[PDB]
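Each answer follows from the model by the rule given with it, or from the source it names; nothing here is a laboratory result. With ideal geometry, Cβ positions are generated from the backbone for all residues, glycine too; neighbour counts draw on all protein chains shown.
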Amino acid sequence: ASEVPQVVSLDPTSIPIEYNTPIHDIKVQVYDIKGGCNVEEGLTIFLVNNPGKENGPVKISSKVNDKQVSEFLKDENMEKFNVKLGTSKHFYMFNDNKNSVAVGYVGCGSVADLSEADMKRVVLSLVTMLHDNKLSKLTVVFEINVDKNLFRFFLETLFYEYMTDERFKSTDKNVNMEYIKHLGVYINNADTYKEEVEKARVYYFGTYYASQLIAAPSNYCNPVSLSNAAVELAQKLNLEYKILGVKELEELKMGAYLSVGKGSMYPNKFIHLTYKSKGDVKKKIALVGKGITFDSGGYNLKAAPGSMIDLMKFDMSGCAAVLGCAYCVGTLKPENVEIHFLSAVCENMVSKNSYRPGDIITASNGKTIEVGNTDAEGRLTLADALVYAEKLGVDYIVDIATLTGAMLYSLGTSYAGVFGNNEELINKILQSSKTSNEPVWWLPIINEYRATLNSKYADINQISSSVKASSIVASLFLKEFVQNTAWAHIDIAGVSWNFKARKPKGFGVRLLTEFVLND
Amino acid sequence: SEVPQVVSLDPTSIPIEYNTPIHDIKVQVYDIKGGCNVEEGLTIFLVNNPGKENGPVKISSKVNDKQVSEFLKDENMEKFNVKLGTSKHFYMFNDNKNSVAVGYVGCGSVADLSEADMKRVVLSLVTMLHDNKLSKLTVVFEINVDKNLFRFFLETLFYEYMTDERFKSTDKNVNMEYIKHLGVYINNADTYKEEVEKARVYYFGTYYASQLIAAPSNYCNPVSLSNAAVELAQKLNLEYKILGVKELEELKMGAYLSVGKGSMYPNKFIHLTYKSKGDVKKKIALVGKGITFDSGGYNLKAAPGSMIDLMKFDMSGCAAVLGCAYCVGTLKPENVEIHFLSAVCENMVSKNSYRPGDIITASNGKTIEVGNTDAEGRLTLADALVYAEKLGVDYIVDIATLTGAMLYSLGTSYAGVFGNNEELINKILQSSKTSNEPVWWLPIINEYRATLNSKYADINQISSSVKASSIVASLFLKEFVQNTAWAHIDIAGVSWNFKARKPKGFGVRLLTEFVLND
Amino acid sequence: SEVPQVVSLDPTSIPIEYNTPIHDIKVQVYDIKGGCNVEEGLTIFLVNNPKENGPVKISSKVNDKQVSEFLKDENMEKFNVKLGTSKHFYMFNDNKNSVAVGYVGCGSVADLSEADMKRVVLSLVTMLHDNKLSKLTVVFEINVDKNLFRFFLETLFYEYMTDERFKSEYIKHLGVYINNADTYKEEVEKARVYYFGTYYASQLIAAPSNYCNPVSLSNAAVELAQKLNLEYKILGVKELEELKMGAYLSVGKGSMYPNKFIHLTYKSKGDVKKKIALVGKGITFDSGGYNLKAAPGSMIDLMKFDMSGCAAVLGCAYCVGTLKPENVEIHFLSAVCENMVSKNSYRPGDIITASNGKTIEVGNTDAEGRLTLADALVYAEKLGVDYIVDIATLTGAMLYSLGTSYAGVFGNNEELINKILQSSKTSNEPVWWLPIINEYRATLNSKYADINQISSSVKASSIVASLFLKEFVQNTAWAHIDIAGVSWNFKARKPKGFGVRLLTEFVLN
Ligand SMILES: CC(C)(C)C(=O)N[C@@H](C(=O)NO)c1ccc(-c2ccsc2)cc1
Ligand SMILES: CC(C)(C)C(=O)N[C@@H](C(=O)NO)c1ccc(-c2ccsc2)cc1
Ligand SMILES: CC(C)(C)C(=O)N[C@@H](C(=O)NO)c1ccc(-c2ccsc2)cc1
Ligand SMILES: [Zn+2]
Ligand SMILES: [Zn+2]
Ligand SMILES: [Zn+2]
Ligand SMILES: [Zn+2]
Ligand SMILES: [Zn+2]
Ligand SMILES: [Zn+2]
């Protein structure tokens, strides 16, 4: 652990991290619907749909072990309500033991197969029922068809969206902040879904942990304070760790990554976490995350309209995703696999010491790079991290980065883009996208654009001249730093931040973890 | 002299190639009378056809080889035309049954090839040298050229042929093999032979400047650039002096010192001196703008089209001046003393940077209000010009990448020259013709001077009302020359070749021709 | 000839003032030797001090004792000669009549430029606008040659005159004391002619585009021709179509006003030894077309000024028609139209054919000037003249090259260019020679048309445009004057009428 440099004594010297969240205090019980539903304290919510019939009437088909509640929820009483996706209603009644209970439903539309996006709409409606209501318990009755993954995704999203980050609140803490202590789930074939519960809780926190890092402002989350948090995480998970400082970075000749950080008051820190199975290692993997704790753009300052320089604390989202994945892996402990978690962390600032547009810098594999734009710094840091990664001698290298703003014009805010040099690896990323329900789409590395990276003086240009297809050109650049290893690149510049909700998504954590686990 | 680093991987000197493959090319000039020997390598005829736009090629000169002569008959050459820029390759066997490669380059129908047209001919020729491993090139001039233009042909051939690979490591051209011999057949070879070594000298001066310019700002900084100058001065036995901050403070160069304040690299003032052996009749001060990187300062280059990634080229004036010092120091003209000056610094954004609105005091006591930190060139030049005049010279000439407006007035081919003395300006225009580096005389319109009147300082750095920044900047510069013939050359538009993505080394030959023929 | 209207309140002609109060001013020129009489009105001494911001000192003997006492060294040294600084005082003379006496500083340089002289006059005019005076007397205690003296009068007349045509008492006597008065007296009535030529052009330029449109501008040209007994011909769309002027006709397609080609002719009585065509750009309003002037700084509200070239030419025709030079034939030409946005407008990308058969690819509809000039130059050369001179508000880049004081001149002939430069010297309308760089010509090579209207990127727009126009003059001495920068006086919010005196001097000499 290094000392975080301060300008004034009021500068914070660590990232506040909440490990023990109220979500971890929730006891989850899973019951089979065949046994009938018991309705007592708290809130009991039925998830209902009506196949084919858009905005069709609500029907409760589950057995309810209470004559009063059963009478209330009979068809004739429910037909005035419809199943419009996201619709919710609260019911109030007395049960067979003369106790007042709260019941209700969330409409799940008229399609039996709910997409990952429509399921998020269902959960958000459910969360609005949790907010502003001091409840001790919530019960959920699944009257829709969900597979194991979508069930887990439901729980993960519930936990994530229910949670409220108050680390930076001082005088504006919510006085009515109270969480349930109990969560009941009624679902058919309950014994097959039980295994998903703790997995979801693990995936929730891995995702929530990343979110905390991303949301943490750059005066809290800087290269030293972020690497320090990585150390603390490794210590709690019994992961091996190594933080490389400028001296060793110099010895390794990482000129590209070092030049990006030259302008910052915070020394570069290269994070290297390792998980190894106790069993014989049958596959080795490196996960590489972009780790810019703040990206001012450098001398190519973000001063253009729509550049959102105030969002630039998000620029270590790739690193956050990787560290979030480290939590999940170190907790679930997969067998026969060795995983490296890597991030070349730095800050891209303006200074007398900054690297300049036009500078020629040498990467750790000896390639000279001409810098055409100081704000294209991510691919420079990744270049050295990718060289470092391949020297580990692994089977797959997967990187994840808020790399290019062009992603918002190509895939937008919902789907991440994946590029690569190996088809089998890309299919596996796409497969893990399905089973994690973190949407990713395969995008091409167009070789014809490679020629536009031909530098007159250096071995290669940092950015293209023609093109404008930045996401693809950046992928071309990165590919030049991976010689003979299966490699994939996940651009999350578009999906990292939830603009509507004004919070990080913790995107990529579940995706990467599913990738590690399912092979 | 010691180059500060942020990290140990930061370079501490500019890589400079002094002996180039071009220097290893043995050059022989033969007279066209007595015919041409075609025996080895690639023989190229430069042909014309005055009259018809694209008339047939007609090889006039005698070829001392029966087989080669039969091939180059008018009958066989009829299908090929003389369009300016075109070229063809030929394969055949000579008299002793040895395979030989012949060809031609079209020089158009016009009997007078201009600076731009000759450049086009050279390019066509260089294309033939590329992607073809040749031990020898022979060029037969079946067109007419003056002696300056012949020198210009060789200069341009040498400059364009040479490839800068100082910053390649994993991607050097493996097929890069230069010729070792160059043959030239031309009429009255006795007179043209003198231009050969003059061309080689002018070439390296230009290429030396180009190397400094192309060098990125992390390699090329105020300390390393001034070290490079010192090394140059040493190889040439020029007197040299590098003024550091402490000296500059004593001289009270507050305008120049302000510009480098935000930089990690200390300011360094380059003062080189050549003196003729005998009686000195003319004293000349050459001043180069030497900003090793121009970020704009707090007036950051952030506007569309400001091309901040090119601003390593903002020391081109200094490079021109140092390049001239090479030529002058090598050619050793008589009856002249020349001072090569450059206020070298770096314009950066920092807690220590000078600010828009700052009032600073030049070394001649004039207080200056800063309106824009990106108009830093004229601030450094101000102190440099005051220093220059204190040397008591006859002519002060500054050269600078000073105003972007030049791209809208003269464009990328012609530099602008401004001045306070018509005689000096005429000499610059004369030097432009003989060096074939095109310059156009632009006026210093005194009506715009009132817009440099400041409410609080003695003078404004920039105008607020008048556009035409090239003229306004000239007006500002004129305020720091009291009673000396002075001229100013703005090369902001011509310094960088945007199409070839490389510098031109513009100004080297111009300044040298100015020196030599005074 | 009938001006179309959208509503009945639309103006159907340009209001023009022919008889100005300047024409009522009686000018007397006296020699400074013999002393100056100060009997009435305002008397102003033009004074320098060759030092900087030095004290005022009056050298001329004044034949009035009271005023002499006022003008004594001890009193005037309280004031300084800083360029454009002025003081004037009211007092009683020997006859106990009210007189005003004062000065205007002319700085510390023995030779005033046209810019300096202008500042002097502006200070003089300020006093005239603030005082009710029947008479102004100006005493020259500075050195001025014949041309600069005429320039002084022209400038004085022009700046003094106030255009009130669109709104809803001048001096009657000008006295001038100057050493060697006799050599200067002939400059007076020439200055009056140059004044109105300049002011007439100013009137056309300042007239908004709803008053000044292609139809009313040509109608005004006709009326001018009739008053001066100049031959005149106005070419309409049918005539222009037959002449295959496709470049020029394309620009006006989107306008509600039919294109009008103005062709005025002055012919001397005797043998014609020189034939000259003067071509003025006549865009009555330039919106930019589909390449609309929408960018910040494009100043679309100024774009009534885009016929300043035509105005300069018509102002010259007044001077030439008045002074009647001998042994010359002058053609006054303008392809007048309006560049507008409409379903009918020409489009960026359109390939259009000029009257010499050259196909043109339009890259920017706001570069419309060179298109109208393309067909005007072709028309001009067919007249078989010795010189073609065009003048035009052609490129905004002129503001970045020479600025607002000097116009640029481009050409294909050295003799012609140096004639314009000499005319610039004698008219004191500053012009600077700029190169037509042949290396830039290749940027106008089109993939589909014979030539490009504009370059994709050469940035040197004034030069690229000049190259374009050069392609439409095949074997005649031709020069192009780009007055886009100098035509409008931004500070004074009015035209300069730039080019009238320049072009007239070119014709007369
Ligand atoms: C502007 C360009 C092409 C250099 C780019 O892709 N910039 C990146 C960047 O600064 N990388 O270091 C960029 C710009 C904007 C975003 C972004 C994403 C959501 S809002 C702004 C993300 C990446
Ligand atoms: C922006 C302005 C008017 C202050 C100016 O003249 N800038 C100079 C400059 O920064 N001088 O120190 C300038 C701007 C752009 C260029 C340029 C030249 C080729 S591309 C950009 C050159 C000089
Ligand atoms: C469109 C461009 C940049 C080629 C140009 O120079 N346009 C001309 C024009 O509209 N010609 O028809 C132009 C633009 C601006 C001005 C101008 C002059 C004083 S303020 C703006 C003048 C001419
Ligand atoms: Zn960036
Ligand atoms: Zn970034
Ligand atoms: Zn600058
Ligand atoms: Zn500069
Ligand atoms: Zn226009
Ligand atoms: Zn126009």
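Quick grid of which residues meet (1) of a type outside the set (S, T, N, Q); (2) within 30 Å of B:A229 (Cα to Cα):
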| site | (1), (2) |
| --- | --- |
| B:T12 | no, yes |
| B:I32 | yes, no |
| B:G41 | yes, no |
| B:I44 | yes, no |
| B:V47 | yes, no |
| B:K58 | yes, no |
| B:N81 | no, no |
| B:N96 | no, no |
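Checked against (1) touching an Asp or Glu at 6+ places or on another chain (Cβ under 8 Å); (2) part of a helix (DSSP H, G or I); (3) farther than 18 Å from C:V125 by Cβ, C:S68 passes all but condition (1).
When the criteria are applied in full, A:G52 fails the requirement of being buried (at least 18 other Cβ atoms within 10 Å of the Cβ) and touching a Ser or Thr at 6+ places or on another chain (Cβ under 9 Å).
Condition check ((1) more than 14 Å from A:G324 (Cβ to Cβ); (2) surrounded by fewer than 24 Cβ atoms within 10 Å (Cβ to Cβ); (3) within 14 Å of chain B (Cβ to nearest Cβ); (4) within 16 Å of ligand 2 (Cβ to nearest atom)) across all residues:
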position	(1), (2), (3), (4)
A:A474	yes, no, no, no
A:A486	yes, yes, no, no
A:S496	no, no, no, no
A:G506	no, no, no, no
A:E514	no, no, no, no
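Does B:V417 fit the bill of being more than 16 Å from ligand 2 (Cβ to nearest atom), under 30 Å from B:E115 (Cα atoms), within 14 Å of chain C (Cβ to nearest Cβ) and crowded, with 21+ Cβ neighbours inside 10 Å? So B:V417 passes the test.
Here the stretch B:266-311 is the region considered, the condition is being within 12 Å of another protein chain (Cβ to nearest Cβ) and touching a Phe, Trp or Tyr at 6+ places or on another chain (Cβ under 6 Å), and the residue that is surrounded by the fewest Cβ atoms within 10 Å (Cβ to Cβ) is B:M311. So which residues in the stretch C:444-472 are within 14 Å of another protein chain (Cβ to nearest Cβ) and in contact with a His (Cβ under 7 Å, 6 or more places away or on another chain)? The one that is within 14 Å of another protein chain (Cβ to nearest Cβ) and in contact with a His (Cβ under 7 Å, 6 or more places away or on another chain): C:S466. Reported count of residues in the stretch C:373-414, each being surrounded by 23 or more Cβ atoms within 10 Å (Cβ to Cβ), assigned to a helix (DSSP H, G or I) and away from every other protein chain (no Cβ under 12 Å), is 7. Taken together, B:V110, B:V126, B:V122 contain a single residue that is under 26 Å from C:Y440 (Cβ atoms), within 14 Å of another protein chain (Cβ to nearest Cβ) and of a type in the set (V, I, T), which is B:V110. Taken together, the residues in the stretch B:70-92 that are out of contact with any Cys (no Cβ under 8 Å at 6 or more places or on another chain), surrounded by 13 or more Cβ atoms within 10 Å (Cβ to Cβ) and either not polar (S, T, N, Q) or not assigned by CATH to the domain that holds B:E39 (or both) amount to 9. Please work out if B:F167 is within 14 Å of another protein chain (Cβ to nearest Cβ) and surrounded by 19 or more Cβ atoms within 10 Å (Cβ to Cβ). Here the answer is yes, as B:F167 does meet what is asked. The single residue among B:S109, B:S61 that is of a type in the set (S, T, N, Q), more than 28 Å from B:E437 (Cβ to Cβ) and buried (at least 16 other Cβ atoms within 10 Å of the Cβ) turns out to be B:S61. If you go through the stretch B:474-518 and keep only what is part of a helix (DSSP H, G or I) and either within 16 Å of ligand 3 (Cβ to nearest atom) or touching a strand residue (DSSP E or B) at 6+ places or on another chain (Cβ under 8 Å) (or both), you end up with B:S474, B:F476, B:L477, B:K478, B:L510, B:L511, B:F514, B:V515. Could you tell me whether A:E377 is within 29 Å of B:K172 (Cβ to Cβ) and either acidic (D, E) or in contact with a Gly (Cβ under 6 Å, 6 or more places away or on another chain) (or both)? It is true that A:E377 is within 29 Å of B:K172 (Cβ to Cβ) and either acidic (D, E) or in contact with a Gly (Cβ under 6 Å, 6 or more places away or on another chain) (or both). Once the stretch B:142-156 is narrowed to residues that are over 19 Å from B:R200 (Cα atoms) and crowded, with 19+ Cβ neighbours inside 10 Å, the residue that is farthest from the other protein chains (Cβ to nearest Cβ) is B:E142. Residues that are polar (S, T, N, Q) and under 24 Å from A:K120 (Cβ atoms) were ranked within the stretch A:161-186; the one that is nearest to the chain's Cα centre (by Cα) is A:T164. Of everything in the stretch C:453-464 that is crowded, with 20+ Cβ neighbours inside 10 Å and not hydrophobic (A, V, I, L, M, F, W, C), the residue that is nearest to B:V494 (Cα to Cα) is C:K459. Residue-level analysis places B:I368 outside the set of residues that are away from every other protein chain (no Cβ under 13 Å) and either surrounded by fewer than 21 Cβ atoms within 10 Å (Cβ to Cβ) or closer than 25 Å to B:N436 by Cα (or both). Among residues of the stretch B:180-204 that are buried (at least 20 other Cβ atoms within 10 Å of the Cβ), those with a beta-carbon under 7 Å from a residue that is small (G, A, S) at least six positions away or on a different chain give the pairs B:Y185/B:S61. Here the condition is being closer than 21 Å to A:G245 by Cβ and aliphatic (A, V, I, L, M); of A:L382, A:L332, A:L301, it holds for A:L382 alone. State which residue pairs qualify: first residue within 14 Å of chain A (Cβ to nearest Cβ) and inside the stretch B:337-360, second residue within 13 Å of ligand 2 (Cβ to nearest atom) and among the aliphatic types (A, V, I, L, M) in any location, beta carbons under 8 Å apart, and separation of 6 or more residues or different chains. If the second residue must be within 13 Å of ligand 2 (Cβ to nearest atom) and among the aliphatic types (A, V, I, L, M), the pairs left are B:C345/B:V259; B:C345/B:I291; B:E346/B:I291; B:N347/B:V259; B:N347/B:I291; B:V349/B:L300; B:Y354/B:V259; B:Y354/B:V370. Taken as a whole, the condition of being crowded, with 24+ Cβ neighbours inside 10 Å and outside any loop (DSSP other than H, G, I, E, B) does not apply to A:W441. Selection of the stretch A:200-258 for residues being polar (S, T, N, Q), in a helix (DSSP H, G or I) and either closer than 30 Å to A:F154 by Cβ or in contact with a strand residue (DSSP E or B) (Cβ under 6 Å, 6 or more places away or on another chain) (or both) yields A:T207, A:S211, A:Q212, A:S227.
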